[PDB]
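Data block for run11.pdb (PDB, C-alpha atoms):
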```pdb
ATOM      1  CA  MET A   1     106.679 118.462 103.738  1.00  0.00           C
ATOM      2  CA  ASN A   2     105.756 116.957 107.105  1.00  0.00           C
ATOM      3  CA  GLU A   3     103.535 118.268 109.898  1.00  0.00           C
ATOM      4  CA  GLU A   4     106.355 120.224 111.531  1.00  0.00           C
ATOM      5  CA  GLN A   5     107.250 121.958 108.268  1.00  0.00           C
ATOM      6  CA  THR A   6     103.570 122.625 107.592  1.00  0.00           C
ATOM      7  CA  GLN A   7     103.329 124.329 110.982  1.00  0.00           C
ATOM      8  CA  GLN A   8     106.176 126.631 109.963  1.00  0.00           C
ATOM      9  CA  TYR A   9     104.321 127.380 106.729  1.00  0.00           C
ATOM     10  CA  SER A  10     101.217 128.236 108.749  1.00  0.00           C
ATOM     11  CA  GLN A  11     103.279 130.634 110.860  1.00  0.00           C
ATOM     12  CA  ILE A  12     104.384 132.502 107.740  1.00  0.00           C
ATOM     13  CA  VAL A  13     100.856 133.209 106.510  1.00  0.00           C
ATOM     14  CA  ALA A  14      99.770 133.828 110.097  1.00  0.00           C
ATOM     15  CA  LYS A  15     102.260 136.697 110.149  1.00  0.00           C
ATOM     16  CA  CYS A  16     101.286 137.933 106.699  1.00  0.00           C
ATOM     17  CA  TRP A  17      97.656 138.878 107.300  1.00  0.00           C
ATOM     18  CA  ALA A  18      98.646 140.762 110.450  1.00  0.00           C
ATOM     19  CA  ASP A  19     101.876 142.283 109.150  1.00  0.00           C
ATOM     20  CA  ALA A  20     101.410 143.893 105.743  1.00  0.00           C
ATOM     21  CA  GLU A  21     105.132 144.588 105.398  1.00  0.00           C
ATOM     22  CA  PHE A  22     106.040 140.948 106.007  1.00  0.00           C
ATOM     23  CA  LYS A  23     103.392 139.862 103.504  1.00  0.00           C
ATOM     24  CA  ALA A  24     104.773 142.262 100.898  1.00  0.00           C
ATOM     25  CA  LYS A  25     108.274 140.889 101.454  1.00  0.00           C
ATOM     26  CA  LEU A  26     107.010 137.322 101.099  1.00  0.00           C
ATOM     27  CA  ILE A  27     105.411 138.157  97.751  1.00  0.00           C
ATOM     28  CA  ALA A  28     108.270 140.300  96.451  1.00  0.00           C
ATOM     29  CA  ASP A  29     110.976 137.884  97.588  1.00  0.00           C
ATOM     30  CA  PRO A  30     109.646 134.631  99.030  1.00  0.00           C
ATOM     31  CA  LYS A  31     113.134 133.121  98.953  1.00  0.00           C
ATOM     32  CA  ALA A  32     114.692 135.673 101.299  1.00  0.00           C
ATOM     33  CA  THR A  33     111.617 135.490 103.529  1.00  0.00           C
ATOM     34  CA  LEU A  34     111.802 131.705 103.836  1.00  0.00           C
ATOM     35  CA  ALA A  35     115.531 131.993 104.511  1.00  0.00           C
ATOM     36  CA  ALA A  36     114.736 134.325 107.404  1.00  0.00           C
ATOM     37  CA  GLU A  37     112.447 131.594 108.727  1.00  0.00           C
ATOM     38  CA  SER A  38     115.337 129.141 108.431  1.00  0.00           C
ATOM     39  CA  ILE A  39     113.587 127.312 105.596  1.00  0.00           C
ATOM     40  CA  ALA A  40     115.672 125.926 102.734  1.00  0.00           C
ATOM     41  CA  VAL A  41     114.762 127.084  99.228  1.00  0.00           C
ATOM     42  CA  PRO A  42     116.108 124.871  96.448  1.00  0.00           C
ATOM     43  CA  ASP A  43     116.564 126.698  93.144  1.00  0.00           C
ATOM     44  CA  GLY A  44     114.698 123.874  91.416  1.00  0.00           C
ATOM     45  CA  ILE A  45     111.512 124.825  93.260  1.00  0.00           C
ATOM     46  CA  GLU A  46     109.116 127.562  92.165  1.00  0.00           C
ATOM     47  CA  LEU A  47     107.350 129.569  94.869  1.00  0.00           C
ATOM     48  CA  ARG A  48     103.843 130.973  94.456  1.00  0.00           C
ATOM     49  CA  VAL A  49     101.260 132.972  96.389  1.00  0.00           C
ATOM     50  CA  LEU A  50      97.565 132.259  95.853  1.00  0.00           C
ATOM     51  CA  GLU A  51      95.962 134.706  98.278  1.00  0.00           C
ATOM     52  CA  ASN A  52      97.161 137.893  99.965  1.00  0.00           C
ATOM     53  CA  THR A  53      94.103 139.351 101.690  1.00  0.00           C
ATOM     54  CA  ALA A  54      93.865 141.132 105.040  1.00  0.00           C
ATOM     55  CA  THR A  55      92.293 138.012 106.540  1.00  0.00           C
ATOM     56  CA  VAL A  56      93.466 134.994 104.555  1.00  0.00           C
ATOM     57  CA  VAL A  57      96.891 134.317 103.050  1.00  0.00           C
ATOM     58  CA  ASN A  58      97.900 131.250 101.043  1.00  0.00           C
ATOM     59  CA  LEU A  59     101.552 130.453 100.347  1.00  0.00           C
ATOM     60  CA  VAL A  60     102.514 127.565  98.070  1.00  0.00           C
ATOM     61  CA  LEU A  61     105.732 125.725  98.915  1.00  0.00           C
ATOM     62  CA  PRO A  62     106.218 122.657  96.724  1.00  0.00           C
ATOM     63  CA  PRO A  63     108.136 119.702  98.154  1.00  0.00           C
ATOM     64  CA  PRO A  64     111.901 119.858  97.654  1.00  0.00           C
ATOM     65  CA  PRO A  65     113.820 117.350  95.539  1.00  0.00           C
ATOM     66  CA  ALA A  66     114.934 115.841  98.844  1.00  0.00           C
ATOM     67  CA  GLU A  67     111.347 115.139  99.890  1.00  0.00           C
ATOM     68  CA  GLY A  68     110.975 111.690 101.449  1.00  0.00           C
ATOM     69  CA  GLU A  69     107.899 109.737 102.534  1.00  0.00           C
ATOM     70  CA  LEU A  70     104.979 111.238 104.450  1.00  0.00           C
ATOM     71  CA  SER A  71     102.506 109.663 106.865  1.00  0.00           C
ATOM     72  CA  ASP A  72      98.729 110.046 106.703  1.00  0.00           C
ATOM     73  CA  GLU A  73      99.027 112.431 109.649  1.00  0.00           C
ATOM     74  CA  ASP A  74     101.554 114.519 107.722  1.00  0.00           C
ATOM     75  CA  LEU A  75      99.446 114.672 104.560  1.00  0.00           C
ATOM     76  CA  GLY A  76      96.387 115.579 106.626  1.00  0.00           C
ATOM     77  CA  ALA A  77      98.297 118.498 108.134  1.00  0.00           C
ATOM     78  CA  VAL A  78      99.260 119.865 104.722  1.00  0.00           C
ATOM     79  CA  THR A  79      96.963 122.631 103.484  1.00  0.00           C
ATOM     80  CA  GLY A  80      94.983 121.136 100.609  1.00  0.00           C
ATOM     81  CA  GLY A  81      94.210 124.574  99.179  1.00  0.00           C
ATOM     82  CA  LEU A  82      97.776 124.878  97.898  1.00  0.00           C
ATOM     83  CA  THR A  83      99.086 123.969  94.446  1.00  0.00           C
ATOM     84  CA  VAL A  84     102.136 121.974  93.367  1.00  0.00           C
ATOM     85  CA  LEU A  85     105.368 122.485  91.433  1.00  0.00           C
ATOM     86  CA  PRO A  86     104.582 123.549  87.868  1.00  0.00           C
ATOM     87  CA  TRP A  87     105.589 121.030  85.204  1.00  0.00           C
TER      88      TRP A  87
END
```
Write out the structure in this file as structure tokens.
Amino acid sequence: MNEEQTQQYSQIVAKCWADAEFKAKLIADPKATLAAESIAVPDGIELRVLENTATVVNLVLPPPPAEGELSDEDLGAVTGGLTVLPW
């Protein structure tokens, strides 16, 4: 969940608010959508959407089991309005 990955996450929601069809696909099947974006989706990770408005969209993508260490710059990049993997 580094800066570069966060940027990709931003691109997804950037598309959503502008492209209602894309947004709908993300919500209906976030796994297929992420796959289209060349983003891995471990089956041990739950995906959630917080907001799906015509202006603001919030997609929650919890760190994978393979998640390593992040820098302060990486953590700063990460959208703090997102939640984490349910336990």
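Take the candidates A:82, A:27, A:20, A:61 and check each one against residue 40 in chain A using all atoms listed in the file; the shortest distance goes to A:61.
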Requested in this report: Extract, using all atoms listed in the file, all DNA, RNA and protein residues at most 9 Å from residue 45 in chain A, discarding same-chain residues fewer than 6 positions from it, and format them as a ChimeraX atom specification.
Outcome: /A:61-65,85-86
Report task. Tell me, in Å to one decimal, how far CA of residue 6 in chain A is from CA of residue 87 in chain A. Result -> 22.5 Å
Query raised in the report: For the file shown, what are the residues hit by the PyMOL selection byres ((chain A and resi 59) around 12), laid out as a PyMOL selection string?
Result: chain A and resi 6+8-17+23+26-27+30-31+33-34+46-53+56-58+60-62+78-84
Query raised in the report: What gap, in Å, lies between CA of residue 24 in chain A and CA of residue 1 in chain A?
Result: 24.0 Å
Step by step, gather every atom of range 52-63 of chain A that the file lists, find the box along x, y and z that holds them, add 6 Å on each side, and finally give centre and edge lengths in Å to one decimal, as AutoDock Vina command-line options.
```
--center_x 100.2 --center_y 130.4 --center_z 101.6 --size_x 27.8 --size_y 33.4 --size_z 21.8
```
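A straight line drawn from CA of residue 66 in chain A to CA of residue 39 in chain A is 13.4 Å long.
Shell of residue 71 in chain A at 10 Å, with all atoms listed in the file counted and residues fewer than 6 places along the chain excluded, is residues 2, 3 and 77 of chain A.
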With N, CA, C and O atoms as the target, complete range 31-53 of chain A and hand it back as a PDB file, in the coordinates of the input.
```pdb
ATOM      1  N   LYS A  31     111.921 133.879  98.670  1.00  0.00           N
ATOM      2  CA  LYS A  31     113.134 133.121  98.953  1.00  0.00           C
ATOM      3  C   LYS A  31     113.865 133.684 100.164  1.00  0.00           C
ATOM      4  O   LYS A  31     114.239 132.947 101.076  1.00  0.00           O
ATOM      5  N   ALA A  32     114.068 134.998 100.168  1.00  0.00           N
ATOM      6  CA  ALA A  32     114.692 135.673 101.299  1.00  0.00           C
ATOM      7  C   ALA A  32     113.849 135.525 102.560  1.00  0.00           C
ATOM      8  O   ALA A  32     114.383 135.341 103.655  1.00  0.00           O
ATOM      9  N   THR A  33     112.534 135.605 102.401  1.00  0.00           N
ATOM     10  CA  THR A  33     111.617 135.490 103.529  1.00  0.00           C
ATOM     11  C   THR A  33     111.707 134.115 104.176  1.00  0.00           C
ATOM     12  O   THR A  33     111.802 133.998 105.397  1.00  0.00           O
ATOM     13  N   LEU A  34     111.679 133.074 103.350  1.00  0.00           N
ATOM     14  CA  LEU A  34     111.802 131.705 103.836  1.00  0.00           C
ATOM     15  C   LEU A  34     113.152 131.477 104.503  1.00  0.00           C
ATOM     16  O   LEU A  34     113.246 130.782 105.515  1.00  0.00           O
ATOM     17  N   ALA A  35     114.197 132.067 103.931  1.00  0.00           N
ATOM     18  CA  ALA A  35     115.531 131.993 104.511  1.00  0.00           C
ATOM     19  C   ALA A  35     115.555 132.584 105.915  1.00  0.00           C
ATOM     20  O   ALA A  35     116.186 132.035 106.819  1.00  0.00           O
ATOM     21  N   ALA A  36     114.865 133.704 106.092  1.00  0.00           N
ATOM     22  CA  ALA A  36     114.736 134.325 107.404  1.00  0.00           C
ATOM     23  C   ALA A  36     114.061 133.386 108.395  1.00  0.00           C
ATOM     24  O   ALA A  36     114.359 133.408 109.588  1.00  0.00           O
ATOM     25  N   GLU A  37     113.150 132.560 107.893  1.00  0.00           N
ATOM     26  CA  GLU A  37     112.447 131.594 108.727  1.00  0.00           C
ATOM     27  C   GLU A  37     113.238 130.298 108.856  1.00  0.00           C
ATOM     28  O   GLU A  37     112.731 129.297 109.364  1.00  0.00           O
ATOM     29  N   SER A  38     114.483 130.321 108.390  1.00  0.00           N
ATOM     30  CA  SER A  38     115.337 129.141 108.431  1.00  0.00           C
ATOM     31  C   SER A  38     114.730 127.994 107.634  1.00  0.00           C
ATOM     32  O   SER A  38     114.806 126.834 108.042  1.00  0.00           O
ATOM     33  N   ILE A  39     114.127 128.322 106.498  1.00  0.00           N
ATOM     34  CA  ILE A  39     113.587 127.312 105.596  1.00  0.00           C
ATOM     35  C   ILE A  39     114.363 127.270 104.285  1.00  0.00           C
ATOM     36  O   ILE A  39     114.487 128.282 103.593  1.00  0.00           O
ATOM     37  N   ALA A  40     114.886 126.097 103.951  1.00  0.00           N
ATOM     38  CA  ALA A  40     115.672 125.926 102.734  1.00  0.00           C
ATOM     39  C   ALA A  40     114.829 126.192 101.493  1.00  0.00           C
ATOM     40  O   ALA A  40     113.648 125.846 101.446  1.00  0.00           O
ATOM     41  N   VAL A  41     115.442 126.810 100.490  1.00  0.00           N
ATOM     42  CA  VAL A  41     114.762 127.084  99.228  1.00  0.00           C
ATOM     43  C   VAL A  41     115.607 126.644  98.041  1.00  0.00           C
ATOM     44  O   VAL A  41     116.395 127.421  97.502  1.00  0.00           O
ATOM     45  N   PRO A  42     115.437 125.390  97.633  1.00  0.00           N
ATOM     46  CA  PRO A  42     116.108 124.871  96.448  1.00  0.00           C
ATOM     47  C   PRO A  42     115.763 125.696  95.214  1.00  0.00           C
ATOM     48  O   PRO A  42     114.632 126.158  95.061  1.00  0.00           O
ATOM     49  N   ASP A  43     116.743 125.877  94.336  1.00  0.00           N
ATOM     50  CA  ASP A  43     116.564 126.698  93.144  1.00  0.00           C
ATOM     51  C   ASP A  43     115.761 125.958  92.082  1.00  0.00           C
ATOM     52  O   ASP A  43     115.394 126.532  91.057  1.00  0.00           O
ATOM     53  N   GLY A  44     115.491 124.683  92.333  1.00  0.00           N
ATOM     54  CA  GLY A  44     114.698 123.874  91.416  1.00  0.00           C
ATOM     55  C   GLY A  44     113.214 123.951  91.753  1.00  0.00           C
ATOM     56  O   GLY A  44     112.381 123.339  91.086  1.00  0.00           O
ATOM     57  N   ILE A  45     112.889 124.710  92.795  1.00  0.00           N
ATOM     58  CA  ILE A  45     111.512 124.825  93.260  1.00  0.00           C
ATOM     59  C   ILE A  45     110.964 126.225  93.017  1.00  0.00           C
ATOM     60  O   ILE A  45     111.566 127.217  93.424  1.00  0.00           O
ATOM     61  N   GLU A  46     109.818 126.297  92.350  1.00  0.00           N
ATOM     62  CA  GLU A  46     109.116 127.562  92.165  1.00  0.00           C
ATOM     63  C   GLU A  46     108.213 127.870  93.352  1.00  0.00           C
ATOM     64  O   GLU A  46     107.542 126.984  93.879  1.00  0.00           O
ATOM     65  N   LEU A  47     108.201 129.132  93.769  1.00  0.00           N
ATOM     66  CA  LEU A  47     107.350 129.569  94.869  1.00  0.00           C
ATOM     67  C   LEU A  47     106.221 130.463  94.370  1.00  0.00           C
ATOM     68  O   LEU A  47     106.428 131.317  93.511  1.00  0.00           O
ATOM     69  N   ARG A  48     105.028 130.260  94.918  1.00  0.00           N
ATOM     70  CA  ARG A  48     103.843 130.973  94.456  1.00  0.00           C
ATOM     71  C   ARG A  48     102.983 131.430  95.628  1.00  0.00           C
ATOM     72  O   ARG A  48     102.953 130.785  96.676  1.00  0.00           O
ATOM     73  N   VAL A  49     102.285 132.545  95.445  1.00  0.00           N
ATOM     74  CA  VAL A  49     101.260 132.972  96.389  1.00  0.00           C
ATOM     75  C   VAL A  49      99.884 132.994  95.737  1.00  0.00           C
ATOM     76  O   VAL A  49      99.706 133.554  94.655  1.00  0.00           O
ATOM     77  N   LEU A  50      98.911 132.377  96.399  1.00  0.00           N
ATOM     78  CA  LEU A  50      97.565 132.259  95.853  1.00  0.00           C
ATOM     79  C   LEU A  50      96.664 133.378  96.362  1.00  0.00           C
ATOM     80  O   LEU A  50      95.820 133.893  95.628  1.00  0.00           O
ATOM     81  N   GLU A  51      96.847 133.749  97.625  1.00  0.00           N
ATOM     82  CA  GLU A  51      95.962 134.706  98.278  1.00  0.00           C
ATOM     83  C   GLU A  51      96.737 135.613  99.227  1.00  0.00           C
ATOM     84  O   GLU A  51      97.605 135.155  99.969  1.00  0.00           O
ATOM     85  N   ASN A  52      96.416 136.901  99.198  1.00  0.00           N
ATOM     86  CA  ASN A  52      97.161 137.893  99.965  1.00  0.00           C
ATOM     87  C   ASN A  52      96.229 138.929 100.579  1.00  0.00           C
ATOM     88  O   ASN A  52      96.509 140.128 100.547  1.00  0.00           O
ATOM     89  N   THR A  53      95.118 138.460 101.137  1.00  0.00           N
ATOM     90  CA  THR A  53      94.103 139.351 101.690  1.00  0.00           C
ATOM     91  C   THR A  53      94.447 139.756 103.118  1.00  0.00           C
ATOM     92  O   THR A  53      95.435 139.290 103.685  1.00  0.00           O
TER      93      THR A  53
END
```
